[PDB]
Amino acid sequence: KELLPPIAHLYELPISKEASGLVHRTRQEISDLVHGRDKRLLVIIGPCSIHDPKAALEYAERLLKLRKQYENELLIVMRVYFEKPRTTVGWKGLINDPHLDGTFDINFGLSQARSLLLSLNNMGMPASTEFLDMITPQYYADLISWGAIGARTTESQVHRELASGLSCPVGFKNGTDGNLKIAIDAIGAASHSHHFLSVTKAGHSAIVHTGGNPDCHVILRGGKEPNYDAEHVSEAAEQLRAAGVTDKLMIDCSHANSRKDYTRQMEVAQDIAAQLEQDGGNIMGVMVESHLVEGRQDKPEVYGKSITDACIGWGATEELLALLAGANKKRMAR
C-alpha cells in the first residue's frame, strides 16, 4: 500500500562506483556535444518503452558492442523509458503499472526500474529516459545520463522547473503540432534558477532551489509535417541563435518524423546521414525507437516486441547505426 521513499531503494540498490563513473562521464561527453566542443553524434536509441527487463538487458548486450565499435563516431546511450505520456488514457509505463495488468504496484515498479538502470550501467550501457512525473525522479535520476521532456510537456512550467534541477543534459521536444519556439523557451527557462516544491529522498515535500541546467537543447520530432530535413534544421538553428541558446540540436527519427510508421525511421536516418556528409554542423544527435523485434503488439506476448509505439527490429538497427557512423566519420574528418 504505502509509498516507500527514495532512500529505501537507494539503500537496497546503491549506485556502484562503475555506474557512478559511467554516468558522470557520459553526462560530460553529452555536454561537450551540446556546446559544440565535440562532433560525435549522440544516439539515443532503444525501445519506445520498457515493459520487460529481460528483453531490455538482451537488447542492451547487443547494443553495447555497437556502442564500443562506433565510439569514435557515435556516443550510444540506450532508451530506458519508464514513463509514457498518453494521448488520452492507457498504460503509463513500467513504474506506474509494472505487472501490465492495472494493479499499479508502484513500489515494485520503482524498484525494478532502479534495478534495471543499475544493471545497465554496470554492464557499461548508459541510460536515457523521459522525465514525466514530478516525484519519481528521486528514485532513479542518479542513473540517468540524458533526459527528455516530451512534446506534451515542453511548454509546462513544472517540467521546466524539474529540468532546471536535473544533473544530466536535457532535450526538449517541439510541441505535438510542430511548435519549436516552446522548446527554445524551455531551454531559457530551464537554464535559470527556480524555487518550487518537490519531494526529498526521505519522501517529504520541501522547497527546492535549483541552479539551472546549462546543458539543454532542442529535439526535432515532427509536427503536422516532419521537421528533420536540412531546411528545417537550418531554420531551427537560426531561431536558436536569435534566442541566444545553443544551436546544436537532436533529430528524432520516430514519432511525427516517421509519421508513426517504424519503417520510415531508416529514411529519416538516411536524410540525416546525407546532411552530415554535406555539412550538418548543427546536428549533435538523433533519436531512434528500436527493439529486438520490429513492430508492436497490444499484449506482451512476443519477446522483445514493443507494446507502445512500433520500433525497428535488431537487424534494421545494425544497418541504421552503421549508416550514421560512416556518415559522421566523414563529418568529423573535415
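Numbers for residues come from their place in the sequence shown, where the first is 1.
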item	value
Segment of higher mean CA temperature factor, 145-153 or 203-211	203-211
47-55 versus 269-277 - greater average Cα B-factor per the deposited record	269-277
Criterion, highest CA B-factor; candidates, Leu74, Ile219, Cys253, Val80	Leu74
Within-chain third of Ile30 by Cα B-factor, per the entry	middle
Record-listed C-alpha B factor of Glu289: chain third	lowest
Third of the chain, ranked by Cα B-factor, where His159 sits	lowest
For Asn121, the third of its chain into which the C-alpha B factor falls	middle
Lowest, middle or highest third - CA B-factor, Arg40	highest
